[PDB]
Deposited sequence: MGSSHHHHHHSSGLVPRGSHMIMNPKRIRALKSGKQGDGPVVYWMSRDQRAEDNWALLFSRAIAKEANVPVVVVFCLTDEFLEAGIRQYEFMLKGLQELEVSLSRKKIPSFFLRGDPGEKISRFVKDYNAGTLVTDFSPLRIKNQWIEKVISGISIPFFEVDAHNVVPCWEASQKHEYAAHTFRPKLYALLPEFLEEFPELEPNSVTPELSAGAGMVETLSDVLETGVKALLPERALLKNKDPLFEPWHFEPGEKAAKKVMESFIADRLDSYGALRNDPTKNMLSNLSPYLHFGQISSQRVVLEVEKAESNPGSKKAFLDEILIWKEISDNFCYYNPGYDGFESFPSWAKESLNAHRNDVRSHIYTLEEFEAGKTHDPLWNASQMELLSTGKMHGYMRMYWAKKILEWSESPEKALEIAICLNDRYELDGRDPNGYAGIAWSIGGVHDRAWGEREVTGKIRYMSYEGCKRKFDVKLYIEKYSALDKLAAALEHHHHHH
């Protein structure tokens, strides 16, 4: 009734006599959620309530108000949603290692379930959780169509090597979601959102005139809005996606990534609705490849390379190339603070940084250019990786995500890419030029949208 290959037993023990607890982390949604659909089932077999617990930890100080409101507002909407299904929602504030471990005792949980995320630190918590628990601990991949550990069992070198593996399992894992059965066995935020903002308030990004840089109206948060972005994409942009996706002057991207990041929407549902949309094959194929292949190879990459954010996980050829050019003369070198405020010589580069700063979502094509000029105008790879990680995670609404580390590592160190012509500083890593951007899209339109803002920020 649910494909069991979505579950990995983490810790074995005695199904306690009490409620099943869904430890919610990556997939912050109440529909299309295999981990909550499993949680409700084991609850159903033992006639207990299902509760959901969410742990709010101090990592919000590492990013900004922009991500932190996007999250807390969905969770306000989420809590309403679960409670309509008789599912209470418990919000802890502290480190998951002990908050989830005491909660399991304090509530005499019968069973623990969590969703899957490949990032280092969730495995730390999990492991510290396992150490302090006695009831069983289960994990469900509710983020990938094909559960990450089943799609491939090794780091995948390239997309064309992972693509055939994935598409063989798709007939079996691409399926419809059953209906979340509300509890029969019947079992603060705002204040938590207000406290945070004032912690984050002195670090807000401000214009010269004390005005917030960020514009909070390009992406409304929530399960319900995420579905309506998915609906406008299928209605208005799926047809043109294939052809206009690399023009940053036309808003022809799905715009779905901030929601997928927080798991405010299942990518499986998107694949589902896209698959049945009558539109252009070139568009549907190009898109399915982004949301299936490139999204899930970025989980693959984080999962099988624990150092997914360091120089050391680049390919051998890439490292040998970059190191041989460590001593080449850089034509410009900017500090972190200099990129951050768009104060380089390159008005195209400055514009994309203006787009990141003020919308929280930079155009996907521009993201390659942005990051490769970072490698070109910093004093070393390591610093370039540093600066590019720190700004992608400070300011992208979709930041702090495996897709992040795996695209940074594409751009700077050639992971899941190949070797190209050898040049100074950047070695054999793929090159992108301003003149290349010019023949592809009207760069002066892009730069005009944002050049107004540069001299306004401080």
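- Gaps in the model relative to the deposited sequence occur at 1 to 21, 209 to 218, 490 to 498, listed in sequence order.
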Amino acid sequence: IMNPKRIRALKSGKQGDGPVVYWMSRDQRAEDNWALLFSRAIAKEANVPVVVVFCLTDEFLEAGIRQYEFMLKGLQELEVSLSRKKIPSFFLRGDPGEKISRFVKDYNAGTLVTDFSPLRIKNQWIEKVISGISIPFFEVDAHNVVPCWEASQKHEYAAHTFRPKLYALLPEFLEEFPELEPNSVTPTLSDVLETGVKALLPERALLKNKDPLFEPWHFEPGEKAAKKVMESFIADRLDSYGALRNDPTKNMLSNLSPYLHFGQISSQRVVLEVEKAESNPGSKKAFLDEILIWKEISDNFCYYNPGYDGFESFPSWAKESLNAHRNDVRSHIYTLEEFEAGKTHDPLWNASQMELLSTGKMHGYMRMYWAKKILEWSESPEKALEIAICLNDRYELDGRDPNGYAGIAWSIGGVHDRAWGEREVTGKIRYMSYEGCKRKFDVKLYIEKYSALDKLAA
From here on, numbers count along this sequence of modelled residues.
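- Once the C-alpha B-factors are averaged per stretch, 33 to 41 and 391 to 399 rank with 33 to 41 first.
- Higher mean CA temperature factor, per the PDB entry, when comparing 105 to 113 with 226 to 234: 105 to 113.
- Comparing the C-alpha B-factors of 359, 184, 264, 352 in the entry, the top value falls on 184.
- The residue among 192, 244, 384, 366 whose C-alpha atom has the highest B-factor in the PDB entry is 192.
- Residue 408: CA B factor in the lowest third of modelled residues in this chain (values from the PDB entry).
- When the modelled residues of the chain are ordered by their C-alpha B factor, residue 330 lands in the middle third.
- In the deposited entry, the Cα temperature factor of residue 47 places it in the highest third of its chain's modelled residues.
- In this PDB entry, the Cα temperature factor of residue 91 sits in the top third of its chain's modelled residues, the highest group.
- Among all modelled residues in this chain, the alpha-carbon of residue 309 has a temperature factor (C-alpha) in the lowest third.
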